[PDB]
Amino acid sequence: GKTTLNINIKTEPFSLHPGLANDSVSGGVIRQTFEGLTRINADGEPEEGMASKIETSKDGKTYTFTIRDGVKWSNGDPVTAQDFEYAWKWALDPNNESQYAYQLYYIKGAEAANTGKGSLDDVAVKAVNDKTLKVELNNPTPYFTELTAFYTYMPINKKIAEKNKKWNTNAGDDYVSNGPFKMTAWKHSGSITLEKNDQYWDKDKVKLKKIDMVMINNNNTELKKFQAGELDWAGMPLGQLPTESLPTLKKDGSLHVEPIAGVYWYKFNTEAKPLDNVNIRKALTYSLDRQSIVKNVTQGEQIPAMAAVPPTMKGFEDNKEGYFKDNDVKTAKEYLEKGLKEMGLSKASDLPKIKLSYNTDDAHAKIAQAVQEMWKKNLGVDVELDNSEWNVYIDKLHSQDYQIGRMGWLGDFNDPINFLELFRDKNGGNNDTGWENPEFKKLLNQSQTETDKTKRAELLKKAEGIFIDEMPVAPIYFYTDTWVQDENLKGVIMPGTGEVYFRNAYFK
């Protein structure tokens, strides 16, 4: 069985600093090259990683991590509690402009430090000694060992980071990592090579020696390379199949199709006219024919989304039907008319220019062209399209330099709030819409203190209801992962949240 794995990651990562990464491309790499206090096992549950033992206080708020004996970076240096402390505080430092700082707000003092209302010293992550990390949360958080497996909670080599502020931007002596693989090459916009890391504590269970990740943003070509034997995988999570090929691949029985905790949505910049008008947002959302899109455009067995939280998330199964009606043109026309009245306008032709944006990808263009048609036919609303390379695109949305913007969101841990708290705060890193609601916030925060699971769930549903009512985003569909593979590739870890770990993968 061969020991090299050839896959497409489509495009240049946003960042291979674990504290700046906020995307599937970045995460696809880092998830191979770093390891947190915990990692995800085959059954999608957290288990011990860099921490050999985890202790939680009686009150549930204080976690004490014992750092495994002998764990090392890829240059041989020990991994220490200090490395974690530094990483986490680095991500929270507002100067470093992590879009995922809010992911660390579960730690006491984290939000204050990040917002400028408090000292980084008072963030309650503490390297007590080299082998002991002590963490105090604002509230008992039963998924915290999921968060510590998430890439924002990765350690970085403190010594090298302090020496070279740009360590993360190139492969080389200054790029070191603690995961089952290490990155031995990175040609920007070309590819990345990972190799088994001989310093990783659990290296005896790692079978691959090399992973070549190419950067082909062309779905057709990915499948050709796969059909030629030059890739061992074609499609998601890291690549993509061309939509016209899914008929065939379903018919020959090769295609894998899996529902995942993820949502495809069109984000509105609620601070840019005319998307600042809630009525216009609703008219654009309600006038969508999502069943058409998932049957006729994407053809990947996606489920129409009329909600934020995927119905895989237990307690939220009835988001299958969602908060409103799909292809509800009557209601959309009502909203349009109301919003038109508020502007002193009679006809939708006289709205200001609207540009709908997405990241370069034939699949996203096909969806955008369908939606553009829906708006023209159903509302009389003209929109012009544009596309950008992924990493630039992420900054375009984060900086609100857009009106409507395609985005997709996969769960970072198995809790419904991951689909909600990204909109808690106006300048949240992953919000992008400029929206916030006081009641929405209050309920989110109340959910984090509620000890009964069903009552908590109701708070989140309430919150979701307010969200959908103000429509800062337009839900389109809940995700699937579709791919074909060399069926000799065994042991790949793919949890319901739609990521992939190659740590224990092999060819038989």
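Don't overthink the numbering: it's just position in the shown sequence, from 1.
Peer 1: Mean CA temperature factor from the deposited coordinates, higher in 341-349 or in 295-303?
Peer 2: So the stretch with the higher mean C-alpha B-factor is 341-349.
Peer 1: Would you mind comparing 370-378 and 412-420 for me and telling me which has the higher average C-alpha temperature factor in the entry?
Peer 2: Taking the mean B-factor of the alpha carbons in each, 370-378 is higher.
Peer 1: When you compare the CA B-factors of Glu146, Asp198, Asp289, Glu85 as listed in the entry, which one comes out on top?
Peer 2: Of the candidates given, the C-alpha B-factor peaks at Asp198.
Peer 1: Taking the values straight from the PDB record, which of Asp432, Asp362, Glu111, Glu222 has the highest C-alpha temperature factor?
Peer 2: Result of the comparison over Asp432, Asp362, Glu111, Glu222: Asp362.
Peer 1: Place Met471 in the lowest, middle or highest third of its chain's C-alpha B-factors, as listed in the PDB entry.
Peer 2: For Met471, whose C-alpha B-factor we compare with every modelled residue in the chain, the answer is the middle third.
Peer 1: Within this chain, which third does the Cα B-factor at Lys442 fall in: lowest, middle or highest?
Peer 2: For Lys442, whose C-alpha B-factor we compare with every modelled residue in the chain, the answer is the middle third.
Peer 1: Within this chain's modelled residues, let me know which third the CA B factor of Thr449 belongs to: lowest, middle or highest.
Peer 2: Tercile = highest for this residue's CA B-factor.
Peer 1: Could you tell me which third, lowest, middle or highest, the C-alpha B-factor of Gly253 occupies within its chain?
Peer 2: For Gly253, whose C-alpha B-factor we compare with every modelled residue in the chain, the answer is the highest third.
Peer 1: C-alpha B factor of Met50, ranked within the chain: lowest, middle or highest third?
Peer 2: Its C-alpha B-factor belongs to the lowest third of this chain's values.
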